[PDB]
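Just so we're aligned, residue 21 is where the sequence shown starts under the working numbering, counting upward by one.
Here is the structure we will look at, set down as structure tokens.
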Amino acid sequence: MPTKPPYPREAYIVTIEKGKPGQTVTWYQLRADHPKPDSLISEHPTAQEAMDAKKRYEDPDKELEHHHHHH
Numbered sequence: 021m022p023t024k025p026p027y028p029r030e031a032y033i034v035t036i037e038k039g040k041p042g043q044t045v046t047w048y049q050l051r052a053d054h055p056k057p058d059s060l061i062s063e064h065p066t067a068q069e070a071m072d073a074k075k076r077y078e079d080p081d082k083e084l085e086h087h088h089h090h091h
């Protein structure tokens, strides 16, 4: 019994810069189209942590975290 919803659990990575206006540092933000494309999950200074975190969001290990009946 497998099931694929009309809106699958998919995420992506966004490369940003932080720090001083002249001296910037490279950062990676994990964001997902679900439930909203502005939903930031986690931030990491390395690409690998972003890809790994992306798997943590898309793998069955991340359970349905929607609060039961608004509880």
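Ideal placement from N, C-alpha and C gives every residue a C-beta, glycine not left out.
Rounded separation between residue i and residue j - CA only
{"i": "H88", "j": "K82", "result": "16 Å"}
{"i": "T66", "j": "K56", "result": "24 Å"}
{"i": "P26", "j": "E85", "result": "18 Å"}
{"i": "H64", "j": "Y32", "result": "13 Å"}
Helix, strand or coil at residue i [DSSP, three-state]
{"i": "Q68", "result": "helix"}
{"i": "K56", "result": "coil"}
{"i": "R51", "result": "strand"}
{"i": "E85", "result": "coil"}
Counterpart residues of residue i in DSSP-defined beta bridges
{"i": "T23", "result": "For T23, which the question treats as bridged, DSSP gives no partner whatsoever."}
{"i": "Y32", "result": "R51"}
{"i": "residue 98", "result": "Not covered by the structure: residue 98. The range shown for the chain is 21 to 91."}
Presumed contact (8 Å Cβ cut-off) between residue i and residue j, rounded CB distance
{"i": "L50", "j": "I36", "result": "Contact flag wrong, Cβ pair sits at about 11 Å."}
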